[PDB]
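The first sequence begins at 1032 in the authors' numbering and counts up one residue at a time. Report on the structure given below.
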Amino acid sequence: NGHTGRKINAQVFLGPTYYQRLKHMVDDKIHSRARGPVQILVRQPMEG
DNA sequence: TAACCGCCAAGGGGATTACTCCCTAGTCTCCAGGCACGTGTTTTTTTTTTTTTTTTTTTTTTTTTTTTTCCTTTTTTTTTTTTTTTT
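What follows is the structure, encoded as structure tokens:
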């Protein structure tokens, strides 16, 4: 255990694998909006 | 070789005369099928509404989110200014 130091009762499977990162970061996907631009036709919020 | 003619012989039935009889010509008189007139009830034609399939039209196709790229005219005709040549 990390917090207490006790042995884990169930033995665990460990070893090196090969992992790949993906381009879907949260910095490129977070979005928030309170009030902003409106359309010139329907006065609705933007896209994207 | 038997048609035809001449001669002879025989017989069969149509013509003739008379008697009869019976069936039809003629004339009333009653009445009934034959026929003139009217029309029908099936037959064909025409509408009428439906039926049944084919064809055409129209509308539809789960939602949300994030990046680029290209384009957002173009040739073709008409006009208008400019430049060069000539008298």
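C-beta atoms are modelled at their ideal positions from N, C-alpha and C, and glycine is treated no differently.
- If the five residues before and after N1032 are omitted, its C-beta is found closer than 8 angstroms to the C-beta atoms of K1038, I1039, all from its own chain and listed in chain order.
- Between the alpha carbons of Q1070 and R1052 lies a gap of roughly 38 angstroms.
- In this structure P1068 is in contact with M1077, their Cβ atoms being roughly 6 angstroms apart against a cut-off of 8 angstroms.
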